[PDB]
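Notes follow once the structure below has been shown.
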Amino acid sequence: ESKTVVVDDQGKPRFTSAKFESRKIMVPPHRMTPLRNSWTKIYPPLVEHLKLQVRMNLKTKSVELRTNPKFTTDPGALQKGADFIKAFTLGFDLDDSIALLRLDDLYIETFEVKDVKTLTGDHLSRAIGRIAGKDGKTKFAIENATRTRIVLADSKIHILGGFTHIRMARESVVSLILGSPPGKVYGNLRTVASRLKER
Amino acid sequence: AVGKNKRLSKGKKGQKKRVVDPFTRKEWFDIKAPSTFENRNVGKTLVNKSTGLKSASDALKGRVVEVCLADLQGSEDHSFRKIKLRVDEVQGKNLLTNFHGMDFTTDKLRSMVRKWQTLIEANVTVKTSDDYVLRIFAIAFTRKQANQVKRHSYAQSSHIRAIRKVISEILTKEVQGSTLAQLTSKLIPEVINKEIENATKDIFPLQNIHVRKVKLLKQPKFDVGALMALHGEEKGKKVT
Amino acid sequence: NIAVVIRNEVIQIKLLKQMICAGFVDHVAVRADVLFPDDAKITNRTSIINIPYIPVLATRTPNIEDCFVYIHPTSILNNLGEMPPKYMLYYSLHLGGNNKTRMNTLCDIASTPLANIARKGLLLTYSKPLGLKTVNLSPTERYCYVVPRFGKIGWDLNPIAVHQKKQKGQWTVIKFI
Amino acid sequence: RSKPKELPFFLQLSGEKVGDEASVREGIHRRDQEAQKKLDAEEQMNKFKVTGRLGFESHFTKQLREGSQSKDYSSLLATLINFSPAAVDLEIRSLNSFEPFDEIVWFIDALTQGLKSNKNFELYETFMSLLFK
Amino acid sequence: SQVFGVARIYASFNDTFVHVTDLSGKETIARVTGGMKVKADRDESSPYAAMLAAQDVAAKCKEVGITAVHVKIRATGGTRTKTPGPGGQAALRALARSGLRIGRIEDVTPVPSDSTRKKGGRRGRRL
Amino acid sequence: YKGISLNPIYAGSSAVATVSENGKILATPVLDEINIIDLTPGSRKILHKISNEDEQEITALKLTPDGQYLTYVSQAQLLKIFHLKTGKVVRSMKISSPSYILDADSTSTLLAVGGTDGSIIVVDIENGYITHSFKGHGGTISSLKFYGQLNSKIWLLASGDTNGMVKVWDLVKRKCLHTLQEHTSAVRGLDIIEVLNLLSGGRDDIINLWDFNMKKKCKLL
Amino acid sequence: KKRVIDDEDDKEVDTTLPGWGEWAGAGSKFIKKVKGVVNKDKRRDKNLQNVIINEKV
């Protein structure tokens, strides 16, 4: 930049004019086979719409997301990507987790049957049976009613959805855990569903 | 709530006016780690003031920072371990720190514990040659052979007890022959657990052998000379 | 300007000549058939004359509006031929030997560039809109194909699609298409 | 009455539509269609691209002009009556209204001359009404 | 080149703290709170609340001059639940968005080896 | 009942108030607006509220020594420069760093702004274009000071760090003319006085006077 | 004829997964063969000028 001061009227001066970030998230094994199976449908949304270099250290069973200083745009893209892969790891379907990418207001809440009420062995198995319902009819009813996705792990149960929606889903699920039969629970679901549809 | 309808409790009677400007009255100190690790300069901390050098020295004699060996050493593969350093001698903006403890990360512990194998936890209390009473927890998991067909790899209580005895005697022999600086130098590149494996290789094939945790319990009489040597004097500028 | 002090430093010929037109209006002219094109390629050797036959116009000058002119010999286009463009825009006219008028310096231009520049200027008195559609967005604003008049009289040009507005009782032009 | 009858990857949803009643309680496209309409206008505008050479001054307005020059509008009335209705409306609507008002004055004179002529009474009155419209 | 703090994100079940501290957790820098940014008490533990909370704390941290933070998220632990909630997730997203350099994420939730009884009673706590 | 409301003047935000050369003019940030008040003996009144946005608080504000321009940087990382005569926000531009130190020349022409990242930029006040940007040292800026006569050819910019560092830069040459590491803490204040002498107040305890020259002569006076 | 040759031929897919090796990202930066019905060289319609036989059927 060539350079000289010019002194204007009243003698005043005048001149002229003149970060890569990383994250790591591990994958359990029983969720490591399907990750390979549906991997080819996973990295395209990460790289094309988020501009986010990806990798899978299969020598440490982790997925590493790093954002380039120049190519990426949105700062939060990195965190949304980490959350998306994390949900897929916890055991959600790929398209569901993609929804978690698409929006910005989808969360995941987890808890456990012993967190609600201390159940031992065969009681706990019966309680998970009552949550699932025959052929998953109950869980599917809840998901369709409150517009969320529920996954039972062995005992951990995870719920993806909007905040108030997952609150309602948790509410019904906890009633099921304590022991209200699925008939009464389904009745309550249809009531809240009618109210939510009218609103 | 800061809402209008959140009715006043006994509560908001007499407040105090924000005039102190705390992070203008405060001050910045930088710390340094012992000479075993590779990056010795890690972060900075804050001291309430300097009007009481009593306050400055006392705060920084109580401090204890806690870093991750990845940050400390440059290799990202020590991500799961995490050490605790405590600073005890301070000089000229610059704090001298020594080893104080170890741990893993809860993620790594949950990651290692799987369902179709046995867990073994060994627990030994010892003292180094430096007179640092210490407590070490080790873990191991009974892995399975290359031609397993059995779903699980469970060890008998006999094999468990034998492996616990071997681990205890190895840990205590190592950290009684060692010194604390030498202890960290051993504990960095995962060598005690290489020994544990290489010793238990005939009882039962194990995996994920790790020195889970180290705990200080007693410390000897202080030694500023030892600290300065471990880290590997000054004049002023004639103010008038 | 950055770096306060001042130093001197395909080339888009279309814009270059558009600019030069913005300068050199109004002294415009259009070559007329047929003594100019290769009809006059006869019959001298090693030195051929293509008789310049070019009506000069400028509406601000209705007297010399539509007047035959012959080229200046000093021009590098001195009686040259087979040259594509049709309107030639000159610096200054002057009368010389054989009672013959000639232009000083030239630029070669065509319809829509003349249209752009005179539009930014004053001369283009447009026509009624014109089978081709003429959509009205609002009573004030419409699109339309118009043939402009660059003119005691002047010639016209090709039809142009134009985004013009009603205001103050006239259909003033906003932008071309 | 005779006009005929006739996605994004990053969604942007709101605090009530998703479960964000908190943002609701602290609650905090027509221009797009206008832009798209502009775009359609561009589309037909450059889709019709005939460069045939057409006269600047239309026959009707020219004929009106020399009618004004000669102070007699006989030919203008003849052609006006010979027009087709869609045409007549088109030109009367597409007259000019500048300051000098020359075109309107001439047309008014033509209509007055016709009513003096005592012929085509109905069409002269209706032309006058269309001009007033 | 930078300096690091530690952002301790306590996502309780019906509130949220975002407490930034220096290394060694002694010198607290900025502390905000759910209801404190949201004047109600249904919403004191809402993702919107935590979003505002984290935005303000990012402001105060940039005041003090700390550009990067490690993060230790946390749930209420104990005999109660043990996994960080939507409040903590929201705070984390908002802050990383706000553009402090996130260094290392951990979940320091106090998990009792062998807990005492929990508040519910034999019949079960909630509902 | 008829009611008249007294509103606070300097409230909330942690930014220093500012005045012109005459007490007649005072600027002051409430949490979101920037009160301007005419101080006249007896007839002390207000000029005009400015209410850009209630959300982001004003970070720092300067009022040019003549009551003509006001420049303020907000929590959103952008500077707004505002004409007082017309009473209107004339220009705005992002600065890529949350700035906290403003300094306007004695002449109403130049304004230097410095923020936490360490790079400081100095901008023409009348025309919203920065002259030149200084990468500078690595600590958060602590203060700035201009030096230049009303009609001269020498212009100096001294920048004080959170570290005990002060860099004196030329404006007609833009060189790190002298880099002075002398304090142990932040340089809260800065001042230039004519023969050259330099003043630097290191927040720790110290006030340093430097004998200084356009040439390499720079020693601790 | 070209269409049916390529249809009936033996395909060769690329089963590489971007990822597992290294960063397969926006900035910068495993093959198997399946037998078709007939290899191109065996079809009994080669050296036939105007014939198209479908070994598939």
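Numbers and lists here come from the model and the stated rules, or from a named source; none is laboratory data. For neighbour counting, all protein chains shown are included, and Cβ atoms are generated from backbone atoms with ideal geometry for every residue, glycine included.
Computed values, structure above
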{"quantity": "Extreme residue, farthest from D:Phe10 (Cα to Cα), among residues of the stretch A:35-48 that are surrounded by 15 or more Cβ atoms within 10 Å (Cβ to Cβ) and more than 9 Å from chain G (Cβ to nearest Cβ)", "calculated": "A:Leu35"}
{"quantity": "Any hit, the stretch C:132-153, residues being in contact with a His (Cβ under 9 Å, 6 or more places away or on another chain) and acidic (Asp, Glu)", "calculated": "yes"}
{"quantity": "Number of positions in the stretch G:25-43 that are in a loop (DSSP other than H, G, I, E, B) and either touching a helix residue (DSSP H, G or I) at 6+ places or on another chain (Cβ under 7 Å) or away from chain A (no Cβ under 14 Å) (or both)", "calculated": "11"}
{"quantity": "Flag if B:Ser75 is of a type outside the set (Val, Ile, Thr), more than 15 Å from the chain's Cα centre (by Cα) and within 13 Å of another protein chain (Cβ to nearest Cβ)", "calculated": "yes"}
{"quantity": "Residue that is loosely packed, with under 15 Cβ neighbours inside 10 Å and not in a helix (DSSP H, G or I), where the choices are A:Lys70, A:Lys24", "calculated": "A:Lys70"}
{"quantity": "Single unsatisfied condition, E:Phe17 versus (1) within 14 Å of the chain's Cα centre (by Cα); (2) within 24 Å of A:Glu21 (Cβ to Cβ); (3) more than 9 Å from every other protein chain (Cβ to nearest Cβ)", "calculated": "(2)"}
{"quantity": "Residue that is more than 14 Å from chain G (Cβ to nearest Cβ), touching a strand residue (DSSP E or B) at 6+ places or on another chain (Cβ under 9 Å) and surrounded by 17 or more Cβ atoms within 10 Å (Cβ to Cβ), where the choices are A:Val113, A:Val54", "calculated": "A:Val113"}
{"quantity": "Answer from F:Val195, F:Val172, F:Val166, F:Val187 - the residue that is within 14 Å of chain A (Cβ to nearest Cβ) and either surrounded by fewer than 13 Cβ atoms within 10 Å (Cβ to Cβ) or touching a strand residue (DSSP E or B) at 6+ places or on another chain (Cβ under 9 Å) (or both)", "calculated": "F:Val172"}
{"quantity": "Single residue of the stretch E:20-50 satisfying the filter (surrounded by 22 or more Cβ atoms within 10 Å (Cβ to Cβ) and out of contact with any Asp or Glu (no Cβ under 9 Å at 6 or more places or on another chain)) that is farthest from the other protein chains (Cβ to nearest Cβ)", "calculated": "E:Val20"}
{"quantity": "Matching strands (runs of 3 or more DSSP E) fully within the stretch F:21-127 where at least 2 residues are among the polar types (S, T, N, Q) and under 18 Å from the mean Cα position of the chain (by Cα)", "calculated": "F:69-74"}
{"quantity": "Where A:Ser62 falls short, out of the listed (1) among the small types (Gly, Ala, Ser); (2) outside the structural domain of A:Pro181 (by CATH); (3) under 24 Å from A:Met168 (Cα atoms)", "calculated": "(3)"}
{"quantity": "Single residue of D:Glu122, D:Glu99, D:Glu43, D:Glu57 found to be loosely packed, with under 11 Cβ neighbours inside 10 Å, more than 14 Å from chain A (Cβ to nearest Cβ) and assigned to a loop (DSSP other than H, G, I, E, B)", "calculated": "D:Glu99"}
{"quantity": "3 or more residues surrounded by 15 or more Cβ atoms within 10 Å (Cβ to Cβ) and not hydroxyl-bearing (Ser, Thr, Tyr): qualifying strands (runs of 3 or more DSSP E) within the stretch C:98-171", "calculated": "C:106-109, C:141-146, C:160-167"}
{"quantity": "Residue match in the stretch D:65-82 (condition: loosely packed, with under 10 Cβ neighbours inside 10 Å and either acidic (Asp, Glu) or at positive phi (or both))", "calculated": "yes"}
{"quantity": "Among (1) closer than 30 Å to B:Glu169 by Cα; (2) out of contact with any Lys or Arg (no Cβ under 8 Å at 6 or more places or on another chain), the one test that B:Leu217 misses", "calculated": "(2)"}
{"quantity": "Condition met for D:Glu6 (under 27 Å from the mean Cα position of the chain (by Cα), outside any loop (DSSP other than H, G, I, E, B) and not β-branched (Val, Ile, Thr))", "calculated": "no"}
{"quantity": "Matching residues, the stretch E:76-107, being facing another protein chain (nearest Cβ under 7 Å) and part of a loop (DSSP other than H, G, I, E, B)", "calculated": "E:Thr81, E:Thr83, E:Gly85, E:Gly99"}
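For every residue, the table says whether it meets (1) under 18 Å from E:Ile102 (Cβ atoms); (2) more than 8 Å from every other protein chain (Cβ to nearest Cβ); (3) among the aliphatic types (A, V, I, L, M); (4) in a loop (DSSP other than H, G, I, E, B).
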position	(1), (2), (3), (4)
A:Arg31	no, yes, no, yes
A:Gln79	yes, no, no, no
A:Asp83	yes, no, no, no
A:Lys86	yes, yes, no, no
A:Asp96	no, yes, no, no
